[PDB]
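Here is the structure we will look at.
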Amino acid sequence: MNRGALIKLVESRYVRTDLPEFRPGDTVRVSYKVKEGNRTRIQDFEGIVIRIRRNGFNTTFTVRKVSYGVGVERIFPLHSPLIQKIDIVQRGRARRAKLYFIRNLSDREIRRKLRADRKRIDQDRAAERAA
Amino acid sequence: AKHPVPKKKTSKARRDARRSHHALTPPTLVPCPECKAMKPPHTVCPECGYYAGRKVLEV
Amino acid sequence: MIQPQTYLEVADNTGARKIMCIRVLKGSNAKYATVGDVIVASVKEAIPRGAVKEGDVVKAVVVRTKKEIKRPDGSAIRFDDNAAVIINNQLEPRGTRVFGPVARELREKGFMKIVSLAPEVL
Amino acid sequence: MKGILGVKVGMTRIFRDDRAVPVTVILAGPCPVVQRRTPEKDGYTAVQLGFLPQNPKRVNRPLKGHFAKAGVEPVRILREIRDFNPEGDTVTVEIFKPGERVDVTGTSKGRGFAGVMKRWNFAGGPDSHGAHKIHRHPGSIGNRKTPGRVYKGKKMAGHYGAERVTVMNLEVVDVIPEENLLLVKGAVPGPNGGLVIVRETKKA
Amino acid sequence: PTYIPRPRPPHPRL
Amino acid sequence: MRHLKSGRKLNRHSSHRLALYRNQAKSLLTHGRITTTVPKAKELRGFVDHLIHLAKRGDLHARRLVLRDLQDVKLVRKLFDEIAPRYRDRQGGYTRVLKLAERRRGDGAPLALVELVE
RNA sequence: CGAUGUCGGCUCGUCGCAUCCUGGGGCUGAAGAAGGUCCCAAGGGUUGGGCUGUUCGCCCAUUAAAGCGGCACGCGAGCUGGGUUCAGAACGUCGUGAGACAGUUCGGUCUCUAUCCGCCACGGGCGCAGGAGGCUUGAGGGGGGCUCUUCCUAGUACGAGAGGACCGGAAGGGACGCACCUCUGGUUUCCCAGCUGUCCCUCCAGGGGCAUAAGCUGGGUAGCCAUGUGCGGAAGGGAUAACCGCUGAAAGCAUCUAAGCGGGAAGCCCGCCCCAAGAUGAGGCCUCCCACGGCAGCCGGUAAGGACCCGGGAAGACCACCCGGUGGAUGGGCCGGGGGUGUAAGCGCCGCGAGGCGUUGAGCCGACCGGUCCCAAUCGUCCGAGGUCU
RNA sequence: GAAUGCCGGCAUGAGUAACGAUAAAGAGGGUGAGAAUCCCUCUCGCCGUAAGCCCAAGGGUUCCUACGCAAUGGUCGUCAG
RNA sequence: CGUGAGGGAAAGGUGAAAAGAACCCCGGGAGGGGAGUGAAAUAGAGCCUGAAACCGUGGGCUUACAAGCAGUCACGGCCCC
Ligand SMILES: [Mg+2]
Ligand SMILES: [Mg+2]
Ligand SMILES: [Mg+2]
Ligand SMILES: [Mg+2]
Ligand SMILES: [Mg+2]
Ligand SMILES: [Mg+2]
Ligand SMILES: [Mg+2]
Ligand SMILES: [Mg+2]
Ligand SMILES: [Mg+2]
Ligand SMILES: [Mg+2]
Ligand SMILES: [Mg+2]
Ligand SMILES: [Mg+2]
Ligand SMILES: [Mg+2]
Ligand SMILES: [Mg+2]
Ligand SMILES: [Mg+2]
Ligand SMILES: [Mg+2]
Ligand SMILES: [Mg+2]
Ligand SMILES: [Mg+2]
Ligand SMILES: [Mg+2]
Ligand SMILES: [Mg+2]
Ligand SMILES: [Mg+2]
Ligand SMILES: [Mg+2]
Ligand SMILES: [Mg+2]
Ligand SMILES: [Mg+2]
Ligand SMILES: [Mg+2]
Ligand SMILES: [Mg+2]
Ligand SMILES: [Mg+2]
Ligand SMILES: [Mg+2]
Ligand SMILES: [Mg+2]
Ligand SMILES: [Mg+2]
Ligand SMILES: [Mg+2]
Ligand SMILES: [Mg+2]
Ligand SMILES: [Mg+2]
Ligand SMILES: [Mg+2]
Ligand SMILES: [Mg+2]
Ligand SMILES: [Mg+2]
Ligand SMILES: [Mg+2]
Ligand SMILES: [Mg+2]
Ligand SMILES: [Mg+2]
Ligand SMILES: [Mg+2]
Ligand SMILES: [Mg+2]
Ligand SMILES: [Mg+2]
Ligand SMILES: [Mg+2]
Ligand SMILES: [Mg+2]
Ligand SMILES: [Mg+2]
Ligand SMILES: [Mg+2]
Ligand SMILES: [Mg+2]
Ligand SMILES: [Mg+2]
Ligand SMILES: [Mg+2]
Ligand SMILES: [Mg+2]
Ligand SMILES: [Mg+2]
Ligand SMILES: [Mg+2]
Ligand SMILES: [Mg+2]
Ligand SMILES: [Mg+2]
Ligand SMILES: [Mg+2]
Ligand SMILES: [Mg+2]
Ligand SMILES: [Mg+2]
Ligand SMILES: [Mg+2]
Ligand SMILES: [Mg+2]
Ligand SMILES: [Mg+2]
Ligand SMILES: [Mg+2]
Ligand SMILES: [Mg+2]
Ligand SMILES: [Mg+2]
Ligand SMILES: [Mg+2]
Ligand SMILES: [Mg+2]
Ligand SMILES: [Mg+2]
Ligand SMILES: [Mg+2]
Ligand SMILES: [Mg+2]
Ligand SMILES: [Mg+2]
Ligand SMILES: [Mg+2]
Ligand SMILES: [Mg+2]
Ligand SMILES: [Mg+2]
Ligand SMILES: [Mg+2]
Ligand SMILES: [Mg+2]
Ligand SMILES: [Mg+2]
Ligand SMILES: [Mg+2]
Ligand SMILES: [Mg+2]
Ligand SMILES: [Mg+2]
Ligand SMILES: [Mg+2]
Ligand SMILES: [Mg+2]
Ligand SMILES: [Mg+2]
Ligand SMILES: [Mg+2]
Ligand SMILES: [Mg+2]
Ligand SMILES: [Mg+2]
Ligand SMILES: [Mg+2]
Ligand SMILES: [Mg+2]
Ligand SMILES: [Mg+2]
Ligand SMILES: [Mg+2]
Ligand SMILES: [Mg+2]
Ligand SMILES: [Mg+2]
Ligand SMILES: [Mg+2]
Ligand SMILES: [Mg+2]
Ligand SMILES: [Mg+2]
Ligand SMILES: [Mg+2]
Ligand SMILES: [Mg+2]
Ligand SMILES: [Mg+2]
Ligand SMILES: [Mg+2]
Ligand SMILES: [Mg+2]
Ligand SMILES: [Mg+2]
Ligand SMILES: [Mg+2]
Ligand SMILES: [Mg+2]
Ligand SMILES: [Mg+2]
Ligand SMILES: [Mg+2]
Ligand SMILES: [Mg+2]
Ligand SMILES: [Mg+2]
Ligand SMILES: [Mg+2]
Ligand SMILES: [Mg+2]
Ligand SMILES: [Mg+2]
Ligand SMILES: [Mg+2]
Ligand SMILES: [Mg+2]
Ligand SMILES: [Mg+2]
Ligand SMILES: [Mg+2]
Ligand SMILES: [Mg+2]
Ligand SMILES: [Mg+2]
Ligand SMILES: [Mg+2]
Ligand SMILES: [Mg+2]
Ligand SMILES: [Mg+2]
Ligand SMILES: [Mg+2]
Ligand SMILES: [Mg+2]
Ligand SMILES: [Mg+2]
Ligand SMILES: [Mg+2]
Ligand SMILES: [Mg+2]
Ligand SMILES: [Mg+2]
Ligand SMILES: [Mg+2]
Ligand SMILES: [Mg+2]
Ligand SMILES: [Mg+2]
Ligand SMILES: [Mg+2]
Ligand SMILES: [Mg+2]
Ligand SMILES: [Mg+2]
Ligand SMILES: [Mg+2]
Ligand SMILES: [Mg+2]
Ligand SMILES: [Mg+2]
Ligand SMILES: [Mg+2]
Ligand SMILES: [Mg+2]
Ligand SMILES: [Mg+2]
Ligand SMILES: [Mg+2]
Ligand SMILES: [Mg+2]
Ligand SMILES: [Mg+2]
Ligand SMILES: [Mg+2]
Ligand SMILES: [Mg+2]
Ligand SMILES: [Mg+2]
Ligand SMILES: [Mg+2]
Ligand SMILES: [Mg+2]
Ligand SMILES: [Mg+2]
Ligand SMILES: [Mg+2]
Ligand SMILES: [Mg+2]
Ligand SMILES: [Mg+2]
Ligand SMILES: [Mg+2]
Ligand SMILES: [Mg+2]
Ligand SMILES: [Mg+2]
Ligand SMILES: [Mg+2]
Ligand SMILES: [Mg+2]
Ligand SMILES: [Mg+2]
Ligand SMILES: [Mg+2]
Ligand SMILES: [Mg+2]
Ligand SMILES: [Mg+2]
Ligand SMILES: [Mg+2]
Ligand SMILES: [Mg+2]
Ligand SMILES: [Mg+2]
Ligand SMILES: [Mg+2]
Ligand SMILES: [Mg+2]
Ligand SMILES: [Mg+2]
Ligand SMILES: [Mg+2]
Ligand SMILES: [Mg+2]
Ligand SMILES: [Mg+2]
Ligand SMILES: [Mg+2]
Ligand SMILES: [Mg+2]
Ligand SMILES: [Mg+2]
Ligand SMILES: [Mg+2]
Ligand SMILES: [Mg+2]
Ligand SMILES: [Mg+2]
Ligand SMILES: [Mg+2]
Ligand SMILES: [Zn+2]
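Residue numbers (the deposited numbering), protein chains in the order written: chain 1T, 1 to 131; chain 15, 2 to 60; chain 1O, 1 to 122; chain 1E, 1 to 204; chain 1z, 7 to 20; chain 1R, 1 to 118.
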């Protein structure tokens, strides 16, 4: 028997595929379905993805955003059915996979450290020239 | 600590009874297929240097 | 994860700026308060001519924490600080405004005034 | 009462009504009835099940004649289920429907020789303020001349784990009979690849 | 009988 | 506990153990057969296998990778030029370990031999 | 007195019951709610802080509650050593003085090795009248046992009002316990990158040693984990405590009682979880071997089986346990997936240059999920029934 | 038969604690009855205001060489103060 | 042993005579086994006699459901005379 495969098999019914790949340092907008009793609505959450931890179906990315004066990090599961959509808003360049360091940085030091990834920005514009 | 100590001398019966588990197991031995000399299984034969049916080292 | 001796920024305009938790109002011996939990605190640092003053033993509700809160949908949210809003015995905010985001958890726990006043409920 | 043997596959989580649900996955079926216990011949009721097919070249003669007296291919494991008497000669996971509650037994993970803090959650000693080599120690074990002895059952260090453990009232979450899988919400004793028993719950 | 090791002081039972 | 942990320790800190393996790799690759203890022998297999495999790939990168553990151009030259060619179609298993009948006199240690295969 | 270590704390509990809370009651100057008092009850529970060496006590903030006692005022061959309780020094006081003080003050060496009982774990032996491989019954043990808030019933009963129920029904918590690693969060001693100094290989480029038993720094899989997740306390059956009765004499009435019957606690028996036939009272069921050769005995060759030896294992101190041994995926390699790292070297282009850009999500890559006989578990050896008598 | 008596001998604790800085080792070759422990070479690590070199004190043949391994060396020893 | 003044041991015995064991065997040696000497070699130099504690090999009885200052009394079984 293949225990890994069975796990993969159980998960497949929930694996999303329709989401734009991104990377730590990217600036992204998560549209997240949330309930305000008893109605349900979409709440956008825009920020730098500082961290992505991979575990197949169980991958989860962390997005950081400052909001009315306070730093805020939320963690989303990359296959959660609550994610309505994900929009790439900026493509930044990191030198490492985890960016906890930006928590202690000034606004301009972040901007200096995560300059625009021209190479992947060119790809984003290179696509969207389709049929 | 406060330096524990034996309270009575151990009788010859209790002493040797503790050794009731001290005998040696004679070595596990099997005959070598090539030179028929007795030797432990799963080792190159030290008498003819044969293992798995072939010469493996000089003796 | 707020326990006695923890300092909390004051999220409202009561005049207080820092409070030091001295009790967690959650049963006989709860160890921790998170968002939504009432605490008893001592005013450690207030501004002048405030509704509160240093020394006041006040009640507070924790509105955001440095440790992440988890949620039934598998999501989690964490803030840059532990903050709180000073309340009266009937759980209402003693102040007139709430600065910063607050935990959505405050809604179902019956802090609908504090959730309304917040500039953003995350 | 109904039961079935299985193997712990591993953990993951599904999403059910916009809710993360942690689950353990159990490969349970299929279990051939190998011998039935009757109050006639045996004095109690149970069904000795079988699980996992075995190389015939490894099944000795006393056991071969046992399976043969049931017309079952030789199997690796044989366990009974008390007061369970199925109709067929094969027990499959379709005996569980989603929304049920089950108790799961397994062999807990083996911690070996475990100290009093890991085993019994003793507080240990202080790490500063003059503690002398007692940081993980159990302190006192008794009184003085009265009673002059240590109680039976006193919590001391020693082997911890690799014992029989049963968690009760685990929700069944889904059943995948085509793969003989069983999704249970929560934790189950022991390691992946370990053997489990999945009975109906005795809670209510 | 070379050197006489002096014995430890008693516990003060006063 | 030690559950699912791969790696013998051999009563050596992190840098001694590595130098042990690298010294044993140098000696075995050099002489073709060395005698050591059984536990050391079993660990040297994978350490040495990987180097031989890297030599089969023959690129400059591999040479420099191998030279990190072997540090001897001449020996690395012998590994790439004489040793690696005779394993071109052997998919792994470049070494073998066979236990020895006798023990040392002074510490009773069980020995075994390690050799490159044919 | 040829020594029984002395306060308080820490750790670890276990018992008592004159009960602090929780459960059950009688009386109330008991309307309701909430109290008072006494009875039954020891199953569980009984918080964090400021002061002082403190025990005690007062205080702060909570709580259902913040119970009181025994165990050498439990516990220093378990820890502490602040106090007491040596030698120093000083203050007050006393003494001509040396010195003195239930007067104060600062300081002042706490002993690696457990033999026997006891305790926690783990084997070895023999036994359980034939020998064996499995699967089991449960005598008897052990574990567990707590509790709060909110809502509905209902702003109804009750009450002038304020206030505010029983019974019954929902939801959510604190602490505790068992298990687990999907998520959250730790570590992850060499899994990846970056960095300084220096010595080196081989001059550049690329690298290796050392700077800790990782040089430092940023990360980090498996495993082991809590701060994280699942689940437990029950339900229910039975017999009772105080207490309330039904029927009912002695004793024309009356009486829970003398005949008989009923109700009635978080407590008791059972139920749940775990151990458990050395339960010598050594249990049961399924299946296999079975008249061996020779003098209830013995000595030999076997049987079914077993052990040895080996490759190993979320099993483990040794042992034991579990799996595999070429009719084999057990470990090692190799391959793929995962995962970590975060774009290798080399070359080409740009810049005087530090560098930058592309080739490139590259290169490297522990443990995870699998594949593959490439390497190693070669070859073998030794035990092992012939069934007592009525 | 006792004096924690005196001297000697031999037990118990026990195949137990320990084998004296956590700077560190591996392999090949040689010798020999015998080798983890001696010789040789290669690799690895340690010291380098020292763990290197030279004086004085103190010690008194411990220096060099051959032949030796009972004891001494906390193991072994073919080696050695 | 103590700087020193000073303190202060243990340790006798082959046999009448060395006749003190040529030679051969195992062994590196040690040690033994034969051979030989002697009245005697468990008088073989670790030597007269060779007590006891203490360690061991072999044999007889006995012991793995049993409560112990270890003995004593009784009966029974087994072994020996
Ligand atoms: Mg002590
Ligand atoms: Mg000590
Ligand atoms: Mg000691
Ligand atoms: Mg003893
Ligand atoms: Mg003796
Ligand atoms: Mg004896
Ligand atoms: Mg005796
Ligand atoms: Mg004994
Ligand atoms: Mg012993
Ligand atoms: Mg013995
Ligand atoms: Mg003030
Ligand atoms: Mg002030
Ligand atoms: Mg603010
Ligand atoms: Mg099982
Ligand atoms: Mg535990
Ligand atoms: Mg703990
Ligand atoms: Mg601690
Ligand atoms: Mg101390
Ligand atoms: Mg200690
Ligand atoms: Mg310490
Ligand atoms: Mg401990
Ligand atoms: Mg005491
Ligand atoms: Mg007693
Ligand atoms: Mg176990
Ligand atoms: Mg460890
Ligand atoms: Mg493994
Ligand atoms: Mg060691
Ligand atoms: Mg180092
Ligand atoms: Mg490799
Ligand atoms: Mg071998
Ligand atoms: Mg061997
Ligand atoms: Mg006394
Ligand atoms: Mg005495
Ligand atoms: Mg005495
Ligand atoms: Mg004494
Ligand atoms: Mg007590
Ligand atoms: Mg009472
Ligand atoms: Mg009560
Ligand atoms: Mg009451
Ligand atoms: Mg009352
Ligand atoms: Mg009233
Ligand atoms: Mg009332
Ligand atoms: Mg009680
Ligand atoms: Mg009590
Ligand atoms: Mg208190
Ligand atoms: Mg203070
Ligand atoms: Mg205090
Ligand atoms: Mg106090
Ligand atoms: Mg006081
Ligand atoms: Mg109350
Ligand atoms: Mg005391
Ligand atoms: Mg006490
Ligand atoms: Mg005490
Ligand atoms: Mg002490
Ligand atoms: Mg004390
Ligand atoms: Mg004591
Ligand atoms: Mg003592
Ligand atoms: Mg003191
Ligand atoms: Mg002190
Ligand atoms: Mg004195
Ligand atoms: Mg004076
Ligand atoms: Mg005077
Ligand atoms: Mg004073
Ligand atoms: Mg003092
Ligand atoms: Mg001082
Ligand atoms: Mg004093
Ligand atoms: Mg000291
Ligand atoms: Mg001592
Ligand atoms: Mg003992
Ligand atoms: Mg005793
Ligand atoms: Mg046993
Ligand atoms: Mg039986
Ligand atoms: Mg029972
Ligand atoms: Mg019993
Ligand atoms: Mg109402
Ligand atoms: Mg009214
Ligand atoms: Mg109710
Ligand atoms: Mg994991
Ligand atoms: Mg984790
Ligand atoms: Mg994490
Ligand atoms: Mg993590
Ligand atoms: Mg990890
Ligand atoms: Mg590495
Ligand atoms: Mg390094
Ligand atoms: Mg360098
Ligand atoms: Mg360079
Ligand atoms: Mg160097
Ligand atoms: Mg150095
Ligand atoms: Mg440092
Ligand atoms: Mg690190
Ligand atoms: Mg980390
Ligand atoms: Mg009941
Ligand atoms: Mg009446
Ligand atoms: Mg009546
Ligand atoms: Mg009656
Ligand atoms: Mg009744
Ligand atoms: Mg009843
Ligand atoms: Mg209850
Ligand atoms: Mg059982
Ligand atoms: Mg049983
Ligand atoms: Mg009995
Ligand atoms: Mg039995
Ligand atoms: Mg093992
Ligand atoms: Mg087997
Ligand atoms: Mg075989
Ligand atoms: Mg395999
Ligand atoms: Mg493999
Ligand atoms: Mg791989
Ligand atoms: Mg991958
Ligand atoms: Mg990847
Ligand atoms: Mg590049
Ligand atoms: Mg490149
Ligand atoms: Mg380059
Ligand atoms: Mg140029
Ligand atoms: Mg990658
Ligand atoms: Mg890979
Ligand atoms: Mg195949
Ligand atoms: Mg053989
Ligand atoms: Mg006398
Ligand atoms: Mg005497
Ligand atoms: Mg004497
Ligand atoms: Mg002795
Ligand atoms: Mg002695
Ligand atoms: Mg031993
Ligand atoms: Mg001992
Ligand atoms: Mg020991
Ligand atoms: Mg010692
Ligand atoms: Mg030792
Ligand atoms: Mg030492
Ligand atoms: Mg040494
Ligand atoms: Mg040492
Ligand atoms: Mg170092
Ligand atoms: Mg080497
Ligand atoms: Mg050598
Ligand atoms: Mg040697
Ligand atoms: Mg030697
Ligand atoms: Mg040398
Ligand atoms: Mg220098
Ligand atoms: Mg001189
Ligand atoms: Mg001298
Ligand atoms: Mg010399
Ligand atoms: Mg010489
Ligand atoms: Mg010598
Ligand atoms: Mg010697
Ligand atoms: Mg010698
Ligand atoms: Mg000599
Ligand atoms: Mg010596
Ligand atoms: Mg020696
Ligand atoms: Mg020495
Ligand atoms: Mg030697
Ligand atoms: Mg020589
Ligand atoms: Mg002298
Ligand atoms: Mg002298
Ligand atoms: Mg004399
Ligand atoms: Mg004479
Ligand atoms: Mg004479
Ligand atoms: Mg004569
Ligand atoms: Mg003469
Ligand atoms: Mg000769
Ligand atoms: Mg001789
Ligand atoms: Mg001889
Ligand atoms: Mg002779
Ligand atoms: Mg005569
Ligand atoms: Mg004689
Ligand atoms: Mg004589
Ligand atoms: Mg004479
Ligand atoms: Mg004699
Ligand atoms: Mg003698
Ligand atoms: Mg005997
Ligand atoms: Mg009995
Ligand atoms: Mg008997
Ligand atoms: Mg009689
Ligand atoms: Zn042979």
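Note that CB positions come from ideal geometry on N, CA and C, so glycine has one too.
Q: Could you tell me the distance, in whole angstroms, from the CA atom of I110 (chain 1T) to the CA atom of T24 (chain 1E)?
A: As a working note, residue 110 (chain 1T) is residue 110 in the first sequence. As a working note, residue 24 (chain 1E) is residue 24 in the fourth sequence. Cα to Cα, the separation comes out at about 42 Å.
**Q.** beta strand (DSSP E) segments (min. 3 residues) lying fully within the stretch 149 to 201 of chain 1E
**A.** You should have 158 to 161, 164 to 176, 181 to 185, 195 to 200.
(Q) Please list, in chain order, the chain 1E residues whose beta carbon lies closer than 9 Å to that of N58 (chain 1T). (A) Here residue 58 (chain 1T) corresponds to residue number 58 of the first sequence, with the count starting at 1. Listed along the chain, the chain 1E residues whose CB falls inside 9 Å of the CB of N58 (chain 1T) are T12, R13.
Q | Contact set between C46 (chain 15) and chain 1R, taken where Cβ atoms lie within less than 9 Å | A | Numbered from 1 along the second sequence, position 45 holds the residue referred to as residue 46 (chain 15). Per Cβ cutoff of 9 Å: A101.
**Q.** Beta-carbon proximity check, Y32 (chain 1T) vs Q84 (chain 1T), cutoff 8 Å
**A.** Start at 1 with the first residue of the first sequence, and residue 32 (chain 1T) comes out as number 32. Start at 1 with the first residue of the first sequence, and residue 84 (chain 1T) comes out as number 84. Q84 (chain 1T) is positioned such that its CB atom lies closer than 8 Å to that of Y32 (chain 1T).
Q: Report buried or exposed for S12 (chain 15), applying the criterion of at least 16 other Cβ atoms within 10 angstroms of its Cβ.
A: On the second sequence, residue 12 (chain 15) is found 11 positions in, with the first residue counted as 1. Result: exposed.
Q. When Cβ atoms are compared, which residues of the stretch 22 to 42 of chain 15 fall closer than 8 Å to chain 1R?
A. Answer in chain order: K40, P41.
Q.
Using 8 Å as the cut-off, can you tell me whether the stretch 27 to 47 of chain 1E makes contact with the stretch 72 to 89 of chain 1E, which would need three or more C-beta pairs spanning the two stretches below that distance?
A. With the cut-off at 8 Å, the stretch 27 to 47 of chain 1E and the stretch 72 to 89 of chain 1E touch.
Q: Please list the partners that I77 (chain 1O) has in chain 1T, where partner means a Cβ-to-Cβ separation under 9 Å.
A: Residue numbering aside, residue 77 (chain 1O) sits at position 77 when the third sequence is read from its first letter. Simply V72, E73, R74, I75.
Q) Opposite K85 (chain 1T) in the DSSP bridges: which residues? A) Stepping through the first sequence from its first residue, residue 85 (chain 1T) is reached at position 85. Under the DSSP definition of a beta bridge, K85 (chain 1T) partners with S31 (chain 1T).
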